[PDB]
Ligand SMILES: [Zn+2]
Ligand SMILES: [Zn+2]
Ligand SMILES: [Zn+2]
């Protein structure tokens, strides 16, 4: 409903500005926790195990592969 | 058999991850252990 | 003899743990040893059923419910009979016993199944026995141009016939 | 038996074991947040279900017409109006229990005679 919305801000002098809002964007945080990747993900989700390892991501982090973006920086 | 609650205590002996092994084990427990009676016979009733 | 002394140790422990702490310690350990010999009078460390009966009696003493069994065994309950009881379903305690018979009665009721009973009349006679206890049914089988079937079922002997 | 999600990132904490102090660390797997659980109970099955007979009590049941009406009293308000209906949990195995709800006290009560 980006069309039906419309903006009204009080300014510093008390001016009430009149903006017809055009579009809305929703933002989600991403890779805050060192996400895994596609190929080893496929070997994980393939039906080779009765259950995948419970602490598999923690074990991969302890091995050191697939660090966070902040850690790479 | 004289208690007011009937419990079976069981643990795996071992010479991580034990949750899903115990899940699979108890699933097999529930399914496949015959107790008495011949298979392919279900609830049996008796008439007069 | 290790099993002998272990059962003796357990028995001395559970009778010393009783509310009636018996000053007749030698008499109650005599009760313990005579229960040991009458217990091993079954198998004497030859079969695991000895251990099973041991579990039965040991946990019956422990249970609480019931506690009064400790005083009753301390002041009676001649144990050579209690080798040959096997009779844990009729002891410790009576309310659980009453629960057991009502459970068994309900199970026996639920075992025996459907008993549909074939409501009757008295107009026709049997095709074979020739008596009037006749029971029927209605439905129509063939095409629409004709009425019902008028099923018959005798009950004096169980005969079936039909009328058009 | 309920699920506790990681507060830092909305994913349910998983059971994992202290290898030395022997405690229930509900750890997040998405991030590294960890949490100590309360009871050793983790998994729970309930092979036999017998619940659901009073389902869907909305605040305005009386607005429907098709519910019948009777004359028993609410044993909180004693108003003579009430609404009753069959048990909701439709199994082949359920009962003829009637659940009476009164509009006045907005209160439910049954008519079991055990
Ligand atoms: Zn006949
Ligand atoms: Zn987390
Ligand atoms: Zn009321």
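Residue numbers (the UniProt record's numbering), protein chains in the order written: chain A, 369 to 441; chain B, 1231 to 1245, 1254 to 1286; chain C, 146 to 309; chain D, 2 to 115. Backbone N, C-alpha and C fix where the C-beta goes; we use that ideal spot for every residue, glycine too.
Residue of the options minimising C-alpha distance to residue i
i: residue 23 of chain D; options: B/1254, B/1260, B/1267; result: B/1254
i: residue 58 of chain D; options: D/10, D/113, D/84; result: D/84
i: residue 224 of chain C; options: C/176, C/301, C/276; result: C/176
i: residue 48 of chain D; options: B/1268, B/1277, B/1236; result: B/1268
i: residue 200 of chain C; options: C/219, C/233, C/220; result: C/233
i: residue 1231 of chain B; options: C/147, C/242, C/221, C/153; result: C/242
i: residue 303 of chain C; options: C/274, C/282, C/287, C/286; result: C/274
i: residue 112 of chain D; options: D/97, D/105, D/67; result: D/97
i: residue 217 of chain C; options: C/297, C/167, C/282, C/283; result: C/167
i: residue 423 of chain A; options: B/1286, B/1257, B/1276; result: B/1257
i: residue 419 of chain A; options: B/1245, B/1242, B/1236, B/1260; result: B/1260
i: residue 67 of chain D; options: D/94, D/109, D/86; result: D/86
i: residue 99 of chain D; options: D/91, D/110, D/105, D/93; result: D/110
i: residue 438 of chain A; options: A/416, A/430, A/398; result: A/398
Min CB distance residue i to chain C below 8 Å
i: residue 1283 of chain B; result: yes
i: residue 1232 of chain B; result: yes
Outcome for residue i when other beta-carbon atoms lying within 10 angstroms are tallied against a minimum of 16
i: residue 1264 of chain B; result: exposed
i: residue 227 of chain C; result: buried
i: residue 1238 of chain B; result: exposed
i: residue 384 of chain A; result: exposed
i: residue 1 of chain D; result: There is simply no residue 1 of chain D to check, as chain D begins at 2 and stops at 115 in what is shown.
i: residue 315 of chain C; result: Outside the shown range of chain C, which is 146 to 309, sits residue 315 of chain C, and nothing can be said about it.
i: residue 28 of chain D; result: buried
i: residue 248 of chain C; result: exposed
i: residue 103 of chain D; result: buried
i: residue 202 of chain C; result: buried
i: residue 435 of chain A; result: exposed
i: residue 1240 of chain B; result: exposed
i: residue 180 of chain C; result: buried
i: residue 14 of chain D; result: buried
i: residue 81 of chain D; result: exposed
i: residue 425 of chain A; result: buried
i: residue 1244 of chain B; result: exposed
i: residue 31 of chain D; result: buried
i: residue 173 of chain C; result: buried
i: residue 279 of chain C; result: buried
Proximity test, Cβ basis, 8 Å: residue i and chain B
i: residue 258 of chain C; result: yes
i: residue 208 of chain C; result: yes
i: residue 180 of chain C; result: no
i: residue 233 of chain C; result: yes
i: residue 66 of chain D; result: no
i: residue 408 of chain A; result: no
i: residue 205 of chain C; result: yes
i: residue 419 of chain A; result: yes
Residues that DSSP places opposite residue i in a beta bridge
i: residue 1285 of chain B; result: Partner(s): none; residue 1285 of chain B has no beta bridge.
i: residue 298 of chain C; result: C/280
i: residue 307 of chain C; result: C/296
i: residue 377 of chain A; result: A/385
i: residue 1256 of chain B; result: In the DSSP output, where bridge partners are listed per residue, residue 1256 of chain B has none listed.
i: residue 15 of chain D; result: D/28
i: residue 87 of chain D; result: D/99
i: residue 36 of chain D; result: D/27
i: residue 206 of chain C; result: Looking at the DSSP assignment, residue 206 of chain C forms no beta bridge with any residue, so it has no partner.
i: residue 70 of chain D; result: D/84
i: residue 111 of chain D; result: D/100
i: residue 6 of chain D; result: D/13
i: residue 265 of chain C; result: C/280
Residue i: contacting residues in chain E (beta-carbon distance under 9 Å)
i: residue 239 of chain C; result: No chain E appears in the structure shown, which is made up of the protein chains A, B, C and D.
Minimum Cβ-Cβ distance from residue i to chain D less than 8 Å
i: residue 401 of chain A; result: yes
i: residue 422 of chain A; result: yes
i: residue 425 of chain A; result: yes
Chain A within 8 Å of residue i, Cβ atoms only
i: residue 8 of chain D; result: no
i: residue 15 of chain D; result: yes
i: residue 1264 of chain B; result: no
i: residue 1255 of chain B; result: yes
i: residue 118 of chain D; result: The shown model of chain D, from 2 to 115, leaves out residue 118 of chain D, and the question about it has no answer.
Closer than 7 Å: residue i CB and nearest ligand 4 heavy atom
i: residue 34 of chain D; result: Ligand 4 is not part of the structure shown, which contains ligand 1, ligand 2 and ligand 3 as its ligands.
The stretch 24–39 of chain D touching the stretch 70–80 of chain D, judged by at least three CB pairs closer than 8 Å: At 8 Å Cβ cutoff, the stretches do not touch.
The stretch 376–385 of chain A / the stretch 395–406 of chain A touching (three or more Cβ pairs under 8 Å): By the Cβ criterion, the stretch 376–385 of chain A is not in contact with the stretch 395–406 of chain A, since fewer than three pairs of Cβ atoms, one from each stretch, lie closer than 8 Å.
The stretch 154–162 of chain C in contact with the stretch 206–225 of chain C per 3-pair CB rule at 8 Å: yes
Contact between the stretch 167–186 of chain C and the stretch 232–243 of chain C (3+ Cβ pairs under 8 Å): no
Three CB pairs or more closer than 8 Å across the stretch 385–393 of chain A and the stretch 411–422 of chain A: Taking 8 Å as the limit for Cβ pairs, the verdict is that the stretch 411–422 of chain A does not touch the stretch 385–393 of chain A.
Given 8 Å, three or more beta-carbon pairs between the stretch 3–15 of chain D and the stretch 290–307 of chain C: no
Touch test, the stretch 255–263 of chain C against the stretch 1275–1285 of chain B, Cβ-Cβ under 8 Å, three pairs minimum: Counting C-beta pairs with one atom in each stretch, the stretch 255–263 of chain C and the stretch 1275–1285 of chain B have three or more that are closer than 8 Å, which means they touch.
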